[PDB]
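File shown: structure38.json. Contents: JSON, C-alpha atoms.
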[["chain", "number", "residue", "atom", "x", "y", "z"],
["J", 1, "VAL", "CA", -31.47, -20.87, -23.63],
["J", 2, "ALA", "CA", -28.02, -19.74, -22.41],
["J", 3, "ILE", "CA", -28.67, -16.06, -21.51],
["J", 4, "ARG", "CA", -26.80, -16.21, -18.16],
["J", 5, "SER", "CA", -23.86, -18.53, -18.95],
["J", 6, "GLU", "CA", -22.48, -16.42, -21.83],
["J", 7, "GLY", "CA", -22.10, -13.29, -19.67],
["J", 8, "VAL", "CA", -20.42, -14.87, -16.63],
["J", 9, "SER", "CA", -18.11, -17.49, -18.20],
["J", 10, "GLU", "CA", -15.99, -14.79, -19.92],
["J", 11, "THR", "CA", -15.15, -13.15, -16.54],
["J", 12, "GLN", "CA", -13.49, -16.37, -15.30],
["J", 13, "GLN", "CA", -11.09, -15.84, -18.25],
["J", 14, "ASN", "CA", -10.69, -12.10, -17.51],
["J", 15, "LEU", "CA", -9.56, -13.11, -13.98],
["J", 16, "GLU", "CA", -6.75, -15.28, -15.41],
["J", 17, "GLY", "CA", -6.00, -12.39, -17.80],
["J", 18, "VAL", "CA", -5.42, -10.03, -14.84],
["J", 19, "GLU", "CA", -3.15, -12.61, -13.14],
["J", 20, "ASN", "CA", -1.16, -13.45, -16.31],
["J", 21, "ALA", "CA", -0.76, -9.72, -17.08],
["J", 22, "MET", "CA", 0.54, -9.36, -13.48],
["J", 23, "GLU", "CA", 3.04, -12.21, -14.10],
["J", 24, "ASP", "CA", 4.02, -10.43, -17.35],
["J", 25, "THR", "CA", 4.64, -7.22, -15.36],
["J", 26, "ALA", "CA", 6.78, -9.21, -12.89],
["J", 27, "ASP", "CA", 8.76, -11.10, -15.57],
["J", 28, "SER", "CA", 9.24, -7.88, -17.60],
["J", 29, "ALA", "CA", 10.30, -6.00, -14.42],
["J", 30, "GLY", "CA", 12.89, -8.81, -14.16],
["J", 31, "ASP", "CA", 14.53, -7.28, -17.27],
["J", 32, "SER", "CA", 15.80, -4.54, -14.90],
["J", 33, "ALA", "CA", 17.87, -7.30, -13.24],
["J", 34, "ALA", "CA", 18.95, -9.12, -16.45],
["J", 35, "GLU", "CA", 22.34, -7.43, -17.13],
["J", 36, "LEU", "CA", 22.75, -5.98, -13.59],
["J", 37, "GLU", "CA", 25.25, -8.42, -12.02],
["J", 38, "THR", "CA", 26.46, -8.90, -15.62],
["J", 39, "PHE", "CA", 27.81, -5.32, -15.67],
["J", 40, "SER", "CA", 29.03, -5.15, -12.03],
["J", 41, "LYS", "CA", 31.00, -8.45, -12.11],
["J", 42, "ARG", "CA", 32.76, -7.23, -15.31],
["J", 43, "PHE", "CA", 33.37, -3.72, -13.92],
["J", 44, "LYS", "CA", 36.55, -4.58, -11.94],
["J", 45, "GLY", "CA", 38.06, -4.65, -15.44],
["J", 46, "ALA", "CA", 37.73, -0.83, -15.23],
["J", 47, "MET", "CA", 39.57, -0.72, -11.88],
["J", 48, "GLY", "CA", 42.28, -3.08, -13.18],
["D", 1, "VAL", "CA", -33.93, -13.43, -34.21],
["D", 2, "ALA", "CA", -34.32, -15.49, -30.98],
["D", 3, "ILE", "CA", -33.71, -19.17, -31.92],
["D", 4, "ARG", "CA", -30.61, -21.23, -30.85],
["D", 5, "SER", "CA", -29.31, -17.71, -30.30],
["D", 6, "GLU", "CA", -26.98, -18.07, -27.27],
["D", 7, "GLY", "CA", -25.52, -21.55, -27.97],
["D", 8, "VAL", "CA", -22.63, -20.36, -30.18],
["D", 9, "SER", "CA", -21.63, -17.72, -27.59],
["D", 10, "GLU", "CA", -19.70, -20.13, -25.34],
["D", 11, "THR", "CA", -17.11, -20.65, -28.12],
["D", 12, "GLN", "CA", -16.08, -17.02, -27.44],
["D", 13, "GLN", "CA", -16.02, -17.56, -23.65],
["D", 14, "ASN", "CA", -13.82, -20.66, -24.24],
["D", 15, "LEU", "CA", -11.48, -18.97, -26.78],
["D", 16, "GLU", "CA", -10.85, -16.01, -24.42],
["D", 17, "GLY", "CA", -9.32, -18.61, -22.07],
["D", 18, "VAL", "CA", -6.91, -19.76, -24.80],
["D", 19, "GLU", "CA", -5.49, -16.20, -24.99],
["D", 20, "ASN", "CA", -4.93, -16.27, -21.20],
["D", 21, "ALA", "CA", -3.30, -19.70, -21.74],
["D", 22, "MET", "CA", -0.90, -17.81, -24.04],
["D", 23, "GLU", "CA", -0.33, -14.83, -21.70],
["D", 24, "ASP", "CA", 1.15, -17.40, -19.26],
["D", 25, "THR", "CA", 3.64, -18.15, -22.05],
["D", 26, "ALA", "CA", 4.19, -14.50, -23.11],
["D", 27, "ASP", "CA", 5.32, -13.57, -19.56],
["D", 28, "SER", "CA", 7.84, -16.45, -19.48],
["D", 29, "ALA", "CA", 9.01, -15.98, -23.06],
["D", 30, "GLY", "CA", 9.83, -12.48, -21.74],
["D", 31, "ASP", "CA", 11.80, -13.98, -18.81],
["D", 32, "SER", "CA", 14.12, -15.56, -21.42],
["D", 33, "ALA", "CA", 15.82, -12.12, -21.61],
["D", 34, "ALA", "CA", 17.02, -12.69, -18.01],
["D", 35, "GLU", "CA", 18.24, -16.17, -19.04],
["D", 36, "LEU", "CA", 20.56, -14.88, -21.78],
["D", 37, "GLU", "CA", 21.91, -11.85, -19.88],
["D", 38, "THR", "CA", 22.67, -14.19, -16.94],
["D", 39, "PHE", "CA", 24.40, -16.62, -19.34],
["D", 40, "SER", "CA", 26.47, -13.60, -20.45],
["D", 41, "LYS", "CA", 27.27, -12.76, -16.75],
["D", 42, "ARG", "CA", 29.88, -15.56, -16.71],
["D", 43, "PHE", "CA", 31.67, -14.51, -19.94],
["D", 44, "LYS", "CA", 31.45, -10.75, -19.26],
["D", 45, "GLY", "CA", 32.72, -11.42, -15.70],
["D", 46, "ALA", "CA", 35.50, -13.61, -17.18],
["D", 47, "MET", "CA", 36.61, -10.60, -19.25],
["D", 48, "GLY", "CA", 36.64, -8.69, -15.93]]
Represent the structure contained in this file as structure tokens.
Amino acid sequence: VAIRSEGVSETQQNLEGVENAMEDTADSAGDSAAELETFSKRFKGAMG
Amino acid sequence: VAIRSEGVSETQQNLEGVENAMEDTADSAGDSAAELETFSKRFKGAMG
């Protein structure tokens, strides 16, 4: 009999899923920084 | 119907965890975008 263990032991995974999806949102939000300095440090080429 | 009926279930509860143990690679495989556009920050800045 394993009627209880099957229902709970998935949620321990779902917890890590929430956290790893949060990390994904943070790492993906990091894309908004990826070429940021990369444009601005070039841009004095415009002024020159 | 109800014989050895819940014993296989835990394979699902385990395998869910393997997806989460890939989400914590998907996040960071995403972060590799920030790696390359920061590598380009030097060369783009050097054009500046």
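Residue neighbourhood of stretch 36-46 of chain J, excluding near-sequence residues (fewer than 5 positions): residues 30 and 31 of chain J; 34, 35, 36, 37, 38, 39, 40, 41, 42, 43, 44, 45, 46, 47 and 48 of chain D, at 12 Å, using only C-alpha atoms.
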Which distance in Å separates atom CA of residue D:14 and atom CA of residue J:3, to one decimal? 15.8 Å
List as a ChimeraX atom specification the protein and nucleic acid residues near residue D:25, meaning an atom at most 10 Å away when all atoms listed in the file are counted, but skip any in the same chain fewer than 4 places from it. /J:20,23-24 /D:19-21,29-31
Please, could you write that set of residues out with C-alpha atoms as a short mmCIF file (atom, residue, chain, number, x, y, z; two decimals), in the coordinates of the input?
data_model
loop_
_atom_site.label_atom_id
_atom_site.label_comp_id
_atom_site.auth_asym_id
_atom_site.auth_seq_id
_atom_site.Cartn_x
_atom_site.Cartn_y
_atom_site.Cartn_z
CA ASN J 20 -1.16 -13.45 -16.31
CA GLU J 23 3.04 -12.21 -14.10
CA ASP J 24 4.02 -10.43 -17.35
CA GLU D 19 -5.49 -16.20 -24.99
CA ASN D 20 -4.93 -16.27 -21.20
CA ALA D 21 -3.30 -19.70 -21.74
CA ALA D 29 9.01 -15.98 -23.06
CA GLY D 30 9.83 -12.48 -21.74
CA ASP D 31 11.80 -13.98 -18.81
#
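For the pair chain D and chain J, the all-Cα root-mean-square deviation following least-squares superposition comes to 3.2 Å.
Residue nearest chain J within the list D:1, D:8, D:18, D:13: D:13 [criterion: smallest interatomic distance, all atoms listed in the file].
Here atom CA of residue J:9 is placed at a distance of 29.0 Å from atom CA of residue J:28.
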Provide the atom CA of residue D:17 to atom CA of residue J:15 distance in Å, to one decimal place. 9.8 Å
Between D:22, D:12, D:5, D:27, which is the closest to chain J once you count all atoms listed in the file? D:27
Work out where the centre of an axis-aligned box around every listed atom of stretch 5-24 of chain D lies and how long its edges are once 8 Å is added on each side; give both in Å to one decimal as AutoDock Vina command-line options.
--center_x -14.1 --center_y -18.2 --center_z -24.8 --size_x 46.5 --size_y 22.7 --size_z 27.0
